[PDB]
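Participant: experimental structure and its sequence below.
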Amino acid sequence: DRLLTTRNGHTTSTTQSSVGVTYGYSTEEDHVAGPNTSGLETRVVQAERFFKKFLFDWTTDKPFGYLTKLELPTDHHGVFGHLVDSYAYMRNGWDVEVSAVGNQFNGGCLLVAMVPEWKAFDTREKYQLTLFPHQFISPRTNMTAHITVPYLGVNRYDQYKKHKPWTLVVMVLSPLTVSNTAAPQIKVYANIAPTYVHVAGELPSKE
Amino acid sequence: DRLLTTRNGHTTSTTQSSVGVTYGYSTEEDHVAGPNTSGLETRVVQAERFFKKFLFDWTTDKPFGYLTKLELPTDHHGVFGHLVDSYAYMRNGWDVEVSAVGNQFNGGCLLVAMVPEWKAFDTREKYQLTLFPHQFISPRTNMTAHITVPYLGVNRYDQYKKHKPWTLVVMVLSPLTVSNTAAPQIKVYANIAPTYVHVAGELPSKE
Amino acid sequence: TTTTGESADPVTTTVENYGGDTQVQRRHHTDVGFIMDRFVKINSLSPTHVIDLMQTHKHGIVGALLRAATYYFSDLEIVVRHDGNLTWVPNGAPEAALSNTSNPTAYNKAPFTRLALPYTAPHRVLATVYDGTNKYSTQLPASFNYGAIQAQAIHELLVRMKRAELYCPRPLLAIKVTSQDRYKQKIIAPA
Amino acid sequence: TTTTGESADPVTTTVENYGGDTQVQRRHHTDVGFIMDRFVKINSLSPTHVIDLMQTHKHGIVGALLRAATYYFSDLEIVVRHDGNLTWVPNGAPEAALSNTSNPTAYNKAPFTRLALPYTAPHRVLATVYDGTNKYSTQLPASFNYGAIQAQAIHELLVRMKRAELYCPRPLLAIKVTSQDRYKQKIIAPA
Amino acid sequence: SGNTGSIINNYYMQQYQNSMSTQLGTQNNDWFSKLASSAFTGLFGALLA
Amino acid sequence: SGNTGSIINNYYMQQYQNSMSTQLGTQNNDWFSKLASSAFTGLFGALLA
Amino acid sequence: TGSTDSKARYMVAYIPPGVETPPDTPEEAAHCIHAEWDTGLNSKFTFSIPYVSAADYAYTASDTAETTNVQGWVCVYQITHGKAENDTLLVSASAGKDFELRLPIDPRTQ
């Protein structure tokens, strides 16, 4: 038994095939009350919960190097999304969970990583993606990958409408294998939660 | 000098003709963590600031009994308004400031009051409106009225889309008088701020 | 005494201002719990009746006083003159339950039935006026009641508020006066 | 919480799992002794009647609850509206004894007779269902009763379980639902 | 109480005679009594008696 | 008891008012109360709050 | 109830009252109080439907004039599955630690 139940606000998620949590670059957030926001920033705890996003269908024809990316923050229709339209500046980290459920008779391996300041990588650079916070998903071992990263960037606070510091990537490392007893394909989903959400600079109403 | 500067969040308001603050029915809020919300409610401090609303034009032809009402909560396009669309239940009190600026050469008197569970009043009942939390505005003395009231109602939390516990009323007690040296009419405005804002029951997104 | 009236701060002067002596007051009769504690009649009736204090007459001592409050709370006593047996059912019950004998049912005993009933609403307090935009899923929520009674025939119903609590006062009006000076009426006097 | 469900070990999660606060409960109304302690009527009657709690209606609060138990025990109270005098006889008595006045006999007194009777069966406990291949020397042993009453005419019979004890619970069913979502009915509301 | 004048203690228990109140925290939460007692009684200004 | 709310002690002796229970050995033989109290409330596995 | 080689990931959400119809998508329901779990060695998962309402008590019965359910809904979703076609998920209910029933009534037709 490798059971892990994660809780973010009034939302929880539990796996029975956990391989642990990978923390990237740091175990904690740096100072959220710096000189750039004077003392006007505030934390908004109601935005710290899980939202969902479909990533891609892991099929037998997708070869090594096949890669899907999700730039964060992404479109959000909950309180976090409202925060982006209501405040000039924000900062937060991410608690990311990615599930690829098929069955134990499937083979192959997916590399799930969190990359700061994304750039389209060469196929040669794809061999070094493990330099970034990551974890793997191989049907023989697990169905869930879990990574937790802090806020970062040249600026202590950001304007997400103009810049996206983090981007989740899932790359095929070894192609999916199927048999008569295996799942024919595996859909890959993300369960994401923003952490330590802080906002500054109240914006006017649209009226 | 009768100076009062009120602060609600990152918004402040100051008068130099204050006649004090009238507290209605109580000096504090009752318990916000009752059995009806289990322990799921949270306070949302970002909604505790001043929003504005025009009431009416106080003119010489409006007689005793003339009355304007504003049911609370009213249409709101800031964080408080979002809260109403995002949570099933809410509760909060009100910090109300009403300004009728003309000049010291005007005469007349306005009664500004906060009424719980509004009902259209007879003209005879209008003589007893002072039974409710109130204050007066008379040009010879002040330009601002200030009333602070707590949340109340048969239910500890409410559904503002179906019920409005408080309603601000401004009634002409003695008609406006003008002269050559006076302001010809007086526009009446409200500066309102919800207090101790609590929400419970996260609603799904519209998608 | 002169004061800043715009502030609305209470001011209570006394006859001492000009040389008088303020006297002793005994205010037992204006005590809320005491004054609301007497039977009042409900005029509209029917074989099946839902107990609602707002069916009380608006000018009777109890009904006038109750309406002069926004919120209230109380236990209750009822006197019912009825044919056959009387069944009571608590707030929230299916109207159909009124036909079943295992709900509190009083067997006919002349001349009427007096009963003590507890407050039974799902709210912490009830209201005499409710500003609902609707209140659904001059009308009051259906949950504002003290249950219901049923008998073959209900001839008379008296109701009594016990342990009454009143909150947030509202206008209370005397009779409209037509005369040039005072409302005059025939006061009792010996023959 | 995840668990091995096949074991059937009870699992009770709370709202604390996701940040809530479990509240205070007052369960007086679901107390067995309290809930069974109210009069229930027996519809079928006759000049000679053997008291059997299973003659209680299967959907009434008492009858539903009693049938939701396999074994039970209790003392009893009965209200009988009858013509002439009422004679009661304990469990095990010859039907003929009902005519004799030296057995507890209540002389007619309007409007009815209320009595307290003791449990009187030869068993330590009684049952609502009995899986007998026969049980002789959907039928219950004849010894499962609280005695019998007789009068010139028996018009009404109410029965009340005192000091009730219930053992080994059985299925209790709500009304069958036809609607697509909920069973809706007319709940009492003021006019 | 209010308008009950019997000397003898009740035959029925309180939990039957009345509903039972519960709390989360009959105290001095009498707003109007406070309001009335707070009323100004003096005399603003100087006096010549 | 259960649904008896009279303050005054009974006029009739207990051996008349009720049948008398006998024993061979009202105790805590409440199976379902034990069963319910024994219910698992925790959380199986590791937690990340 | 599935075989060892059948896997799945579920989600349960409590949709409080205030919306016209419940969401048929995990993405929309995510904003509510919810829990997600997957398949494994432990076959059972338990979730508490919280009591969140305006009044301190709620009626057990439902009035004919009620369109939308006064206390909201519960939605069970299937995030995904791997070879779990035709496999089952048994669902049962029990009273929680603070569940309470008051005011006895005899409502059935007799």
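Facilitator: Thanks, I have it. Numbering: from 1, shown residues only, chains lettered A, B, ... in the order given.

Participant: centre-most residue in chain G?
Facilitator: Nearest to the mean C-alpha position of chain G, counting by Cα atoms, centre = their mean, stands residue G:74 at 3.5 Å.

Participant: got a list of what that residue touches?
Facilitator: G:12, G:13, G:14, G:15, G:49 (Cβ atoms under 8 Å, 6 or more residues apart in numbering or on different chains). Every residue, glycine included, has its C-beta placed from N, CA and C.

Participant: partners of the strand or helix carrying it, with directions?
Facilitator: Residue G:74 is part of strand G:73-82 when elements are defined by DSSP states H and E. Sheet pairing for strand G:73-82, assigned by DSSP bridges, gives strand G:7-15 (antiparallel).

Participant: residues in contact with the helix or strand that the partner strand is followed by?
Facilitator: The helix or strand immediately downstream of strand G:7-15 is helix G:26-29, counting by DSSP H and E. If you take Cβ under 8 Å, 6+ apart as the criterion, helix G:26-29 is touched by A:51-53, A:77, B:204-207, G:11, G:13, G:15, G:22-23, G:75, G:77, G:79.

Participant: apply 10 Å and report the result again.
Facilitator: When contacts are defined by Cβ atoms under 10 Å, 6 or more residues apart in numbering or on different chains, helix G:26-29 is touched by residues A:51-54, A:77-78, A:189, A:191, B:203-207, G:9-15, G:19, G:22-23, G:34, G:36, G:73, G:75, G:77-80.

Participant: for stretch E:15-23, same thing?
Facilitator: Residues contacting stretch E:15-23 (Cβ under 10 Å, 6+ apart): B:31, B:35, C:73-76, C:116-120, C:124, C:162-163, C:165, D:24, D:26, D:28, E:10-12, E:14, F:3-7, G:56.

Participant: now do the buried residues in it.
Facilitator: Using 16 or more other Cβ atoms under 10 Å in any protein chain shown as the test for burial, stretch E:15-23 gives E:18, E:19.

Participant: before we move on, what about stretch A:76-87?
Facilitator: Of the residues in stretch A:76-87, A:76, A:77, A:78, A:79, A:80, A:81, A:82, A:83, A:84, A:86, A:87 count as buried by neighbour count, 16+ other Cβ under 10 Å.

Participant: show me which residues of chain C sit near chain G.
Facilitator: Contacts of chain C with chain G, taken as Cβ under 10 Å from any Cβ of the partner chain, map to C:87, C:89-105, C:118, C:120-124, C:136-137, C:141-143, C:147.

Participant: so which of the residues you listed sit within helices?
Facilitator: If you go by DSSP state H, these have nothing in helices.

Participant: which ChimeraX command selects the buried ones in those residues?
Facilitator: To isolate the buried subset of the residues of chain C next to chain G in ChimeraX, counting by 16+ other Cβ under 10 Å, use the following:
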select /C:87,89,90,91,92,93,94,95,96,97,98,100,101,102,103,104,105,118,120,121,122,123,124,141,142,143,147
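
Participant: contacts with chain D among the residues of chain C next to chain G, please.
Facilitator: Restricting those to those near chain D - Cβ under 10 Å from any Cβ - leaves C:89-98, C:100-105, C:141-143, C:147.

Participant: which one is residue C:160 nearest to, not counting chain neighbours?
Facilitator: residue C:77 (4.0 Å; Cβ to Cβ, 6 or more residues apart in numbering or on different chains).

Participant: pull out the buried residues from the helix or strand that contains the one you found.
Facilitator: Per DSSP H and E: residue C:77 is located in strand C:69-83. Across strand C:69-83, burial judged by 16+ other Cβ under 10 Å covers C:69-82.

Participant: on that earlier part again, now secondary structure and distance to residue C:59 too, for the buried residues of stretch A:76-87, in a markdown table please.
Facilitator: Shown next, in a markdown table, are these (DSSP: H, G, I helix; E, B strand; the rest coil; distance: Cβ to Cβ, whole Å):
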| residue | secondary structure | distance to residue C:59 |
| --- | --- | --- |
| A:76 | coil | 59 |
| A:77 | coil | 55 |
| A:78 | coil | 54 |
| A:79 | helix | 52 |
| A:80 | helix | 57 |
| A:81 | helix | 57 |
| A:82 | helix | 52 |
| A:83 | helix | 56 |
| A:84 | helix | 59 |
| A:86 | helix | 53 |
| A:87 | strand | 57 |
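
Participant: reformat those residues as CSV; add distance to chain B.
Facilitator: Below are those laid out as CSV (distance: Cβ to the nearest Cβ, whole Å):
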residue, distance to chain B
A:76, 9
A:77, 4
A:78, 6
A:79, 6
A:80, 11
A:81, 8
A:82, 5
A:83, 9
A:84, 12
A:86, 6
A:87, 9
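
Participant: biggest separation within the residues you listed, which pair?
Facilitator: Farthest-apart pair in the buried residues of stretch A:76-87 is A:77 and A:87; separation 16.8 Å (Cβ to Cβ).

Participant: close to chain B, is stretch C:182-191?
Facilitator: No. Stretch C:182-191 lies apart from chain B when judged by Cβ under 10 Å from any Cβ; the minimum separation is 13.8 Å.
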